[PDB]
Amino acid sequence: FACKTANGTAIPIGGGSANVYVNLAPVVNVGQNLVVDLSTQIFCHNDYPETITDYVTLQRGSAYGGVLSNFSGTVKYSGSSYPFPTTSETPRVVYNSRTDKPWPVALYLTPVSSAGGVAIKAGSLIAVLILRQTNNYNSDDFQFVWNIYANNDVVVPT
Ligand SMILES: CCCSCCCO[C@H]1O[C@H](CO)[C@@H](O)[C@H](O)[C@@H]1O
Ligand code: NI
């Protein structure tokens, strides 16, 4: 089991960590969502699907910088919705193919009432999402840690 990002980097067998940049709508009002869809960027696959079944959860989602201070959020993982930052590990998604399949995580962030001005800075760390991977074959229990960075400033109209 391993993961990579679209035109980007890879995390190899056994787990590890990688930095991911995201495009964000440059202006967002109170009552609107920033939708950060990671499923177009993070792709994983199973290395021996004929004999092994891989299990993948979102173990935790944390907020950082302007997201932590200026937004409230939910995370959508494989069709279900949860508070972001998260309160517990999600159920599992099955990976059973050598073919790249997306990691189905999306963040919906909405500006808090105190948010105003540049609420997220270009280049800043905004989130960490931890993918946890196990199987039906051995004791493997690995973490794939995704550091999420803002590509552009996001302004909350005052
Ligand atoms: C015919 C199979 C012989 S075992 C091959 C061991 C390879 O294990 C890697 O690949 C497995 C399947 O993706 C993972 O479950 C495991 O965690 C690790 O990433
Ligand atoms: Ni592979």
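Values reported hereafter were calculated over all heavy atoms of this structure, with side chains retained and with hydrogens, waters and symmetry mates removed. Remember, it's 1-based here, ligands and their atoms both numbered in the order they're listed. The first residue of the sequence shown is numbered 1, and numbering continues consecutively from there.
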Student: What's the atom name of the N, O or S in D47 nearest to the Ni ion (ligand 2)?
Tutor: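 Minimum-distance N/O/S atom of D47 relative to the Ni ion (ligand 2) is OD1.
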Student: At what distance is the nearest protein heavy atom to atom 5 (C) of ligand 1, and which residue and atom is it?
Tutor: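 Answer, as residue, atom name and distance: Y48 CE1, 3.4 Å.
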Student: For ligand 1, which atoms, with element, lie under 4.0 Å from some heavy atom of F1?
Tutor: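 This gives 9 (C), 10 (O), 11 (C), 12 (C), 13 (O), 14 (C), 18 (C), 19 (O) as the contact atoms.
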Student: Please name the pair of heavy atoms, one in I120 and one in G66, separated by the smallest distance, quoted to 0.1 Å.
Tutor: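 For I120 and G66, the tightest heavy-atom pair comes out as CG1-C, 4.2 Å.
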Student: Any idea which N/O/S atom from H45 gets closest to the Ni ion (ligand 2)?
Tutor: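 It is NE2, the N, O or S atom of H45 closest to the Ni ion (ligand 2).
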Student: What part of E50, side chain from CB on, backbone N/CA/C/O, both or neither, has a heavy atom under 4.0 Å from ligand 1?
Tutor: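 Looking at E50 and ligand 1, no heavy atom falls under 4.0 Å.
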Student: Can you find an N or O of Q133 that's nearer than 3.5 Å to an N or O of ligand 1?
Tutor: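 N/O-N/O distance under 3.5 Å: yes.
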Student: Which word best sums up how the rings of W103 and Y77 line up, parallel for under 30°, tilted for 30 to 60°, or perpendicular for over 60°?
Tutor: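 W103 vs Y77 ring planes: perpendicular.
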Student: Heavy atoms only: which of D47, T134, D54, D140 is nearest to atom 8 (O) of ligand 1?
Tutor: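 The option holding the nearest heavy atom is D140.
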Student: Please confirm whether the backbone N or O of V105 pairs with a side-chain atom of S39, one donor and one acceptor, at under 3.5 Å?
Tutor: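 No: the side chain of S39 does not pair with the backbone of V105.
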Student: Using a strict cut-off of 4.0 Å, indicate which atoms of ligand 1 neighbour a heavy atom of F142.
Tutor: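 Every atom of ligand 1 under 4.0 Å from some heavy atom of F142: 17 (O).
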Student: With a 4.5 Å cut-off on side-chain heavy-atom distances among I, L, V, M, F, W and Y, is there a chain of contacts connecting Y149 to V22?
Tutor: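 Result: no, two separate clusters.
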Student: Numbering the atoms of ligand 1 from 1, which are under 4.0 Å from a heavy atom of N46?
Tutor: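 Atoms satisfying the 4.0 Å criterion: 12 (C), 13 (O).
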Student: Return the minimal non-hydrogen interatomic distance between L131 and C3, and the atom names on each side.
Tutor: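 Scanning both residues, the minimum pair turns out to be CD1-SG, 3.9 Å.
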Student: Please give me the minimum heavy-atom distance between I130 and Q143, naming the atom from each residue.
Tutor: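 Heavy atoms of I130 and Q143 come nearest at CG2-NE2, 3.9 Å.
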Student: Backbone N or O of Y95 within a donor-acceptor pair of the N46 side chain at under 3.5 Å?
Tutor: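 It does hold such a pair.
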Student: For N135, take its heavy atoms, then give the atoms of ligand 1 lying under 4.0 Å from any of them.
Tutor: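 So the answer, numbered in order with elements, is 14 (C), 15 (O), 16 (C), 17 (O).
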Student: Between the main-chain N or O of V94 and the side-chain N or O of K101, is there a donor-acceptor pair closer than 3.5 Å?
Tutor: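 Checked: pair present.
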Student: Short list, please: which atoms of ligand 1 are under 4.0 Å from a heavy atom of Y137?
Tutor: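 Every atom of ligand 1 under 4.0 Å from some heavy atom of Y137: 4 (S).
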Student: What part of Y95, side chain, backbone, both or neither, has a heavy atom within less than 4.0 angstrom of ligand 1?
Tutor: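 For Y95, there is no contact with ligand 1 at all, from either part.
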